[PDB]
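Only the coordinates and a few stated rules stand behind these numbers; no lab work does. We place every Cβ from the backbone using ideal geometry, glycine too, and count neighbours over all the protein chains shown.
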Amino acid sequence: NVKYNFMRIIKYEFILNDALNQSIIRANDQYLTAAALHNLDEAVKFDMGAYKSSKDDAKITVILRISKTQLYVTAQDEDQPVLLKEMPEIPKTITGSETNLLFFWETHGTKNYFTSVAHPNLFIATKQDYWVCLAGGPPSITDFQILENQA
Amino acid sequence: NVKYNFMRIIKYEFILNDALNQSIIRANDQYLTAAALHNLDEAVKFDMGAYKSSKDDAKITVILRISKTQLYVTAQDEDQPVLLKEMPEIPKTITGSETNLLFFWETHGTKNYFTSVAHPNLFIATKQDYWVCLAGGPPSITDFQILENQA
Amino acid sequence: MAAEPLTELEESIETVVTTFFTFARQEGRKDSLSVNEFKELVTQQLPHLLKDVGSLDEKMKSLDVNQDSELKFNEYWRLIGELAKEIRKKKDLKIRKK
Amino acid sequence: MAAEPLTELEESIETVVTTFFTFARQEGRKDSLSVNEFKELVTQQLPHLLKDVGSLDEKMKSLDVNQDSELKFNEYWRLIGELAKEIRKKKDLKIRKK
């Protein structure tokens, strides 16, 4: 069959905060809310692993997982909170079922976007009080920026 | 509310046979097949009880039940096997839930028809080998005739 | 004429039948539920599920659509699908199960 | 975030979820079944139910219709309704349950 083969390991256990500047903090193993970290090892530490098929757009796509377990944020639909899925061991060959946890990352200087490879109109938006979801973006901050913690 | 009030008790424990001339014989409490009687007290003995609302057509409508228990033949949908329902004691006031076991009887001399009050295009047809169902009638004998047994 | 225990997806759909049939068999036509059984469940059984125990009518009309009060063979189904969906995405786009 | 035991019509529809979710959680997207899980059930679980374990495709396409191979939130449902119906009137206009 056609496999989407892992391209390269980027950075890991680094946390992304948006223009609201809120650390993506772990509330549950299914629901996550953005809040500025205060325990530091409190936000979910993600790691990027790229896969390759010629079905991106103009940008190469990686999977966002917590460095310890394989909790991926999947793209649902419209403004519906991302469901953190947990599956033992990272796949090396990607089929047509994990297209939600795939992310088209468009980086502009310092800021960066996270586009859904599943549904194009989806973008990962950041809320002041609610869970970090995906959206079509009217005045929701669907901006991101990668800020690392000290230790 | 509007009640359909029982009009008059006709005849009872008499059996109807169609132009195929087959006694409506009791195979089960849900399935009935037409076959010429040979044990006589073998076919289901029906009794007619008329109800009245001005929603017939041009003919007054009665319920067909087995003289002992209240097993009514209901009208399902086109060529779908009749479902013999069993509910303790005969209703005196008919609601809109028992509109399937209602029967518009058009009598012509000796022969008689049984028209469904639920769905107009339904008529109670008689098969040579299969169960006595309801139908829209192409060459199925949706004729009836009431023939009583001796004892 | 009796569905004995079934395979798994059947276990899930048969289960839908039996409950259904218990009410369908109550009043006229043991193969379909009337407007009273719909109203009973919607009012009594559905306040938690279908938070619209009042105007059952709208949903009823959508199912009833052939002017058939009898919620029969997959005329009812529309609601049944709305049911299995509602339990899941009722307002669960934030939280509803707890 | 957990549906604890439910009312009766819920008992019937929740039950549909749990089985479903067991497979949905197996592969990618724990809220949707892939074309492989559909094929597994259709082939393995459905030979008795859906006597068409071969060309799963047709039904798949009808559900998949958005070219979303994820049998999700009441896209799958069409089949689920066909399921609860099929168990009842498979070709049951003469006999099918016994």
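Quick look at the values:
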item: Nearest-to-axis residue of chain A, judged by beta-carbon position, where the axis maps A onto B, in Å; result: A:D77, 19
item: Of D:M60, D:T43, D:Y76, farthest towards positive along the dipole that unit charges on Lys, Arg, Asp, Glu beta carbons give chain D; result: D:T43
item: Contact order relative to length of region D:30-71, as percent, for alpha carbon pairs under 8 angstrom and 6 or more apart; result: 50 percent
item: Relative exposure of A:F123, B:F103, judged by other C-beta atoms within 10 Å (fewest first); result: A:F123, B:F103
item: Pair C:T43, C:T22: separation of 7 Å Cα→Cβ label points (nm); result: 2.0 nm
item: Set of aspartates and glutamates with alpha-carbon distance to D:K94 below 12 Å, sequence-local pairs under 8 removed; result: B:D79, B:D129
item: Peptide B:86-92 - average C-beta neighbours from other chains (10 Å radius); result: 1
item: Ranked D:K97, C:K85, C:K30, criterion: other C-beta atoms within 10 Å, fewest first; result: D:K97, C:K85, C:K30
item: Label 7 Å beyond Cα on the Cβ vector: A:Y12 copy-to-copy distances, nm; result: 8.6
item: Set of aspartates and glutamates near A:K55 by C-alpha distance (under 18 Å), chain-local residues within fewer than 8 positions excluded; result: A:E98, A:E106, D:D68, D:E70
item: Cα-centre dipole for chain D with unit charges at Cβ (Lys and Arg positive, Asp and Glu negative), debye to 20; result: 780 debye
item: Average other protein chain Cβ within 10 Å of Cβ, residues D:81-94; result: 6
item: Candidates B:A36, B:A135, B:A125, ranked by Gaussian network fluctuation over chain B, Cα under 10 Å, top entry; result: B:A36
item: Chain B: relative contact order in percent, alpha carbon pairs under 8 Å with at least 6 residues between; result: 26 percent
item: Shortest-first nm distances, A:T69 label point to equivalent points in other copies (7 Å, Cα→Cβ); result: 5.6
item: Gaussian network model of chain A, Cα within-10 Å springs - most flexible of A:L37, A:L71, A:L122; result: A:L37
item: In order through region C:19-32: 3J(HN,Hα) via Karplus (6.51 cos²θ - 1.76 cosθ + 1.60), integer Hz, x for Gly, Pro; result: 4, 2, 5, 4, 8, 4, 7, 4, 9, x, 6, 6, 9, 8
item: Equivalent ellipsoid semi-axes, chain C, via Cα gyration tensor eigenvalues times 5, rooted, Å; result: 22, 20, 12
item: Euclidean distance between Cα centres, region C:1-28 to region B:48-81, Å; result: 27 Å
item: Residue-wise HN-Hα coupling along region B:145-150, computed from phi with Karplus coefficients 6.51, -1.76, 1.60 (Hz; x: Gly, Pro); result: 7, 9, 10, 8, 8, 6
item: Label point 7 Å beyond Cα along the C-beta direction, distances from D:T43 to other copies (nm, shortest first); result: 5.1
item: Vicinal HN-Hα couplings computed from phi for region D:47-64 (Karplus, 6.51 cos²θ - 1.76 cosθ + 1.60; Hz; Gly/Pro x); result: x, 6, 6, 8, 4, 6, 7, x, 7, 3, 2, 3, 5, 3, 4, 5, 8, 4
item: Selection from B:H108, B:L32, B:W131 lying farthest towards where the dipole of chain B points positive, charges on Cβ; result: B:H108
item: Test item: Cα-centred dipole of the protein assembly as shown, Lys/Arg +1 and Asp/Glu -1 on Cβ, debye; result: 80 debye
item: Given charges at beta-carbon only (K, R positive; D, E negative), |dipole| of chain A in Debye; result: 540 debye
item: Given D:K39/D:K98; B:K59/D:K91; B:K45/B:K127; D:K61/D:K85, the pairs whose alpha carbons are separated by over 25 Å; result: D:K39/D:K98; B:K59/D:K91
item: Chain C, relative contact order [Cα under 8 Å, separation at least 6], %; result: 19 percent
item: Within a Gaussian network of chain B (alpha carbon springs, distance under 10 Å), most fluctuating of B:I90, B:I15, B:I66; result: B:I90
item: Stokes-Einstein translational diffusion, the protein assembly as shown - Kirkwood Rh over all Cα pairs, 1.306 mPa s, 10 °C, in µm²/s; result: 60 µm²/s
item: Dimensions in Å of chain B - Rg and Dmax from alpha carbons; result: 14.3, 47
item: Sorted by Cβ density within 10 Å, fewest first, the residues B:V132, C:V65, D:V53; result: C:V65, D:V53, B:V132
item: Exercise: per-residue mean of other protein chain Cβ atoms within 10 Å, B:112-120; result: 1
